[PDB]
Every structure is written in C-alpha cells, then in structure tokens.
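Inside the fold
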Amino acid sequence: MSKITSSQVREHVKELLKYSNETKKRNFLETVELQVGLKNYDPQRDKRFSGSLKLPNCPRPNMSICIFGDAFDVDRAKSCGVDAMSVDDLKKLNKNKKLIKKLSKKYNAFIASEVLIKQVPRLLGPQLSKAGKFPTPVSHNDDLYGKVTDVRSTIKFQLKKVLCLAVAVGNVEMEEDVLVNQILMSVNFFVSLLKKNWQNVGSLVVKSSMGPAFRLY
Amino acid sequence: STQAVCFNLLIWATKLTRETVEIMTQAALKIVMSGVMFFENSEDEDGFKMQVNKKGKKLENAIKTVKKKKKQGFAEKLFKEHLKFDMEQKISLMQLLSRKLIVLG
RNA sequence: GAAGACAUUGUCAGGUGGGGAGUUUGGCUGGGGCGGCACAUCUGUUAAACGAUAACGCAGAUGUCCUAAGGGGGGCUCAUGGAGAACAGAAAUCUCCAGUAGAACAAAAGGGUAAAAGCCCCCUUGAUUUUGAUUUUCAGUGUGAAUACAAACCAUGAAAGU
RNA sequence: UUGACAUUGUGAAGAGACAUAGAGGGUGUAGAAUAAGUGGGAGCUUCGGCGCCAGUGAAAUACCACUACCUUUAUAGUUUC
RNA sequence: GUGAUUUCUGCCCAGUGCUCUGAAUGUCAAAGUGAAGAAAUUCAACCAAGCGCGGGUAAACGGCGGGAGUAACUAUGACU
RNA sequence: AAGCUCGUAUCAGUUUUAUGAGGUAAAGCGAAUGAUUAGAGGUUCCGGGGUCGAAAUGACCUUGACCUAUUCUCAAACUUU
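Residues numbered from 1 in each chain as written, not as in the entry; some residues may be left out. Chains lettered and ligands numbered in written order. Part of a larger assembly, values for the part shown. Heavy atoms only, no water. Residues with missing side-chain atoms left out of burial classes, pairs and counts.

In the PDB header, cryo-EM is given as the technique by which the entry was determined, and 9.5 Å as its resolution.

Right under this line is the structure:
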C-alpha cells in the first residue's frame, strides 16, 4: 500500500530514496501539494553562542502565494515603491491595531524601531521579530526584497536533536529540484562551531506529509 | 582605533578585549565560560565540568539548584577546598558534603 | 570428636612471575661510555610563557597561480629622469621632449621580440571527443610533457592565415 | 588466583531490575488550565465537534516521532543472590 | 637488613613496590540469555577477576639550605 | 675452451670543412633566501601603564611602533636563464 514501498532499517543513497525527488508521486494520492520534511541528526548543546544565523539561497521557488509587509520612512519608501505589496507609512501603523490583520511576515529596518516597538505587542505571535536572528534590521532592501519573492528558506533557532526546515514540494521538475537541496546542507555545514560535539552529519531523514520516512547516512 | 573600530562595528573579540562599558553593553546585549569566569553578567552566563567552572549567594543559588538537580564533582570540590577565602571555601565544601568516608578523612 | 549436596582433579579470553629454557648485540663523538628521539610548508593555535621546537593532525586557503592573465583581429607604444601649470609642496591630474629594454610577456628567476610574440577595450567556447605517427628517458617502455598532418564539428577577420 | 555448565538430588523457597503491546501524573511567575529544550501549523473519518474562537502574551491547547519515565500488575520462564 | 654497651631519624607519604574486611558497573572473554535469519559469519546489554581512585608503609629502595599563603583556569615562585 | 654463417670483406693514437649540446664569466632584489646598516629632534581625553583634584573633555612626564628631514643599495659561489 504505502508501507511496503518504504524502508526503515535500510539506508539508501540520494539517488535511491526521496531526498527532493519524485519517489512519492504515486504514493501521495491527494492532489494537495505537500511539504518536504528533510530531517537531520546533529548533537549540539544548550549554548546561545552556538547557533546558525544565516540564510539559505534556494534558487528555485516552492510555488506558493504569499504577501510581505513593506514599510519604510525617511526616503527608503521611495526606493521600495515598485517592488512592494502595501504602502504602510508611519501613521499607518495604527491600522493593524484594530481587527484587520492581513499581514503575514512584515519587513522593516533598524532606523524605524522606535515606533515599531509599539507594534511588537500585537505582532509577537509568529517568529519574525526584529533582533539578531533573521536578517531584518537593515536600511538596505533593494537587493533583498527581490530575493524573498523567490521563496527563501526561513531558518529558525532549533535545539532538539531533530533538525528539519522547509525545502519545497517536489512536483515541478526532476533535475530542477536536484540543484535545490544542495544549499540546504552546504549552508548548514558551513556554520560549524568548534564548541560543538562529535559530528554534524548524523542521519538524514526525508519524508512527505503522510507517507513513511526513510534513512540516509 | 583598535577597540575604536571595534565598538565601531560593534564575541571572542570581547574576550581578548577584557583579555561595564561596551562590556555590560553587549553583556545585556565554552569560551563564554572562561570569560564570564574572569568576570555579575558573568553570573548570568554561568547560570545559563562547567560546574567546576562556576566554582555570590546566587552562586549558592545555582548551587543548590543543580544540587537537588543531580539529586568526579565531589572529588574536584574536595581537592579545591584542600588546596577569608580559605574559610569560605572550607565552609562551602563542608556544607556540600553534608547536603562521607573521604569526609571524616 | 570438624563439616557438607561443602572441598579437591581435567580441556576453558586475559591479567600476577626471568625459578628455568630458548632467542636477541651492522656501522654512528679516532673504540665504547645520561634519558628522550620534537629534521623540511606565511601567522595564531597545535606547543607546559623573554631559546629552540617536528608531526601526509584540527579550523579557510594551500602538493604556489587561472572560471579569460587563453586563441584571434584592429587600435595604442611602457617605467624612471629632465623641462611646465587654475585649484597643487620633492609624491597624485594633464601635456611635451630625450630614450636599442634595468621592462611587459601565467608560479620563484634570466636572454629574447617593437607598424610587438605583450597590456587595455570590443568581438568569445578548438583549454572538450574519435581515428595515426614522432622526439627526451625506454627494451621502437608505464606515467607525464612537447612538436608536426589528413578526415568531422566552431570562433575571429576586408583579403591572405593561425 | 577467578567464573559458567557438568560431576550432583530436590522446588513448601523472604525481598528487586528486563527481553512485544494498551490507561494513570508531566502542576516555575502570569494566563481559572497538563504552554515539558526543539520540530511540525492546511490536517485525519468530511452531515456535524477542534480548524486561528475572546482577556493576556517570548512559546497557545486533535494529529505517524529522537523522552528524562514517581509508583503497580502481566502467558510457557529466568545466569549469579 | 643491622652486627658489643654508651651513641643509635628534626620533618614529609605527590612518584617507583607491597598490603588492601576501604571504594564495584567507566571497561570487562567464553558459556548462558536477547533480534534478523530455511543457515553460516558478524553480533548490543548483564557479571567475576585484573587495571583506575584512596590510605598506611621509606631501621625496604628515595628526597633531606624543609614544609605554606599569595589577581593565570593548570605553566613563573619575587616579597613576607 | 668448445661452434655456425661469409668476403673487396671490419677503417685510423698524425692533417682541412664547424651544424648541435652545456651553466664556469656579466646583471638584478623594483613580488623569493642572507650580514633588506647605523641616529637625533615631535605629537598624549581614548594605542597599552602611575602620582596629584570626592568630580566635570582641569593640567603636567617617562618607557615601545611611525611621519618629515639623511646615509648604504644589499657577497661571484641560493635557484633559473
């Protein structure tokens, strides 16, 4: 059915199992697009100094609809006029205080943070606050807003030994999705602190959203 | 200049540096271990063999913490207590041992 | 009068032990004569602090350099020195004169060559594949490198070519 | 010098931890709560319950998982006590 | 080992041994026991002993212008 | 020492013809080695350390690297050509 076509105690190469491929094309009967559950084993510690705060490239999109909150002042609002989803000035920060909340991931800077702190008590739910984690407090956005529209892999601060993010779906093209997963490991392996323990590879587990998972070393 | 452009852009750098000003600055803002060592913010990073490290009533704090927590280390503590300051050390060691062969020993 | 389904014998990982047996001594301070065996890659670390100090170990690069510093056409003709000037001093920007190479010409270096064999701009994929032969080493070798044709497939140029 | 089997019988034998699976609590400040470091947020039978229900707010409550298990029982049995 | 009597260590137990009714699950073969397997090989955990830690012992072998406290997390040992 | 196959059949301590090959002479340190030399005079909140004002960018020294103003221009036997 779906269990006999999967392995649990047998390791395979990236050209055998899934790992952003198409082996679950006939397995996943539902027409709804799924998500890539690329899990990884990496023993770390509980130190705040040991963590990856970068941003994966991911050239190919994941084919999905999204909307960001573009809001700048001084003069940066003029440069971000062509590539934007909404205006949102300084006086328009009291619009989302009511009941309307159609803004997902709002993007700002470091300059306009004195008034942004008043919007934090309402937009503290989803992990997208302005700090030192995700690249956001910066005056530059011209060559940055044209990248987030290409669906960037939002990396978060994970700590349990299970390490998994979000690659794509796996239904666009065969050889196209191959050059996408090459950045989900290259960036992670690049940021390797000496304070870490043992190795950083471990076991590679890739699944869909319903079917069984596999195992790669 | 050095520290100039330092704070300029402005943690191992911090390390050397000391090695609160910008200190407590990025402060509030296990190498970290050694540092907080030499160094209250240190207290904090602490609370975050590292026990040997931490080796202040709040020290006593995190102390009984991992105390009842766990509830090598013993040996190390004893050796340190056997190696003002003296009095304090001895007292602490005794309290820990009471909270015993080597003891009476 | 001891005691008990106790204890002792034999083949059963390895550990205590030159009592005994066997084996073991190139050369190396004009014989020999302490212990160790840390010779050769920029800096920090590796490495126990003013002297030294290796390791195909760890974290970028690295068994030098190159993703056009290749090939080709056109145009231009370098450095230093002397002689000038609005911003401007012995150094910076612009112009002129003298001038047979101490230069440029992929690693470290030394002759070449001047309507350049080079540099810059523009124009790019022959630095890739199949089928032969030759030079140095050789047993007309292995590996590696260089030179010279024909037969497919490209690029540059007005023509003649590589 | 040390250990298992056998030599060497018998099972009325005081008290533990296991080899496959299903409940029981996950209670630190605040939120009347069980929000357990991290991940997952368009989802499983679709007529119907929760999909993101209100106040607060660093983390918000079905969902195949790396898990530290305070205290029990468990079918033919259990190497040394 | 010392080798008539008088004489016959002032202090120290971190190293090299011995002893160990102190401390036993970090490591620990085979047999037995536990998965996969119509098989063989390989085979994770449990346990005894040894090794590690600590104390005593130097009239048994050393050391003997000694033994401490001092901004390095261990590395210099002035001054007192 | 012991054999086979052939004949105008192997050449030269003396004389003429100068095409290749080499790393001893010359040069450089201006991206490779070395004996890349020897001094004086300034400027101090905050390059890194003291004394003296409860203090405030109040003030004043010494001990190491530079800049401006000079001298030599690096041995033939390090390497390549």
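More follows now that the structure is in view.
On a plain count of helices and strands, chain B comes out with 10 helices and 0 strands. When the helices and strands of chain B are read in sequence order from the N terminus, they spell out α-α-α-α-α-α-α-α-α-α. At 17 Å, chain B has a C-alpha radius of gyration far larger than the 13 Å of a compact globule built from 105 residues. Across its three principal axes, chain B shows a C-alpha extent of roughly 60 × 25 × 25 Å. (Helix = DSSP H or I, 4+ residues; strand = E, 2+ residues; numbered from the N terminus. Rg over C-alpha atoms; globule rule 2.2 N^0.38 Å.)

For the rest of this paragraph, the subject is the overall build of chain A. Within chain A, the regular secondary structure consists of 3 helices and 5 strands. The order of α-helices and β-strands along chain A, N terminus first, is β-β-α-β-α-β-α-β. Seen through its principal axes, chain A has C-alpha atoms that stretch 60 × 45 × 30 Å. Look at the contacts in chain A between residues 6 or more apart in sequence, and 81% of them connect residues 24 or more apart. (Contact = heavy atoms within 4.5 Å.)

To continue, consider the pairing of strand β1 (residues 37-41) of chain A. Where a strand is regular, its side chains alternate between the two sheet faces. All names here are of chain A. Pairing between β1 and strand β5 (residues 204-207): 4 bridges, direction antiparallel. Paired with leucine 38 across the bridge in β5 is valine 206. Sheet analysis places β1 next to strand β4 (residues 162-164), joined by 3 bridges and oriented antiparallel. When the sheet's bridge partners are listed, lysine 39 is paired in β4 with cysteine 164. (Pairing = 2+ DSSP bridges.)

Here we come to the sheet that holds β1 of chain A. Residues and elements named next belong to chain A. Across the sheet, 3 strands lie side by side as β4-β1-β5; this open sheet has antiparallel pairing. Two strands lie at the open edges of the sheet, namely β4 and β5, each paired on one side alone. Taken pair by pair, the neighbouring strands of this sheet meet at an average axis angle of 25 degrees, ignoring direction. (Axes fitted to C-alpha atoms, helices over the stretch in contact; angles between N-to-C directions.)

Here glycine 69 of chain A lies in strand β2 (residues 68-70). For the pair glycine 69 of chain A and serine 104 of chain A, spaced 35 residues apart in the sequence, the C-alpha separation amounts to 7.2 Å.

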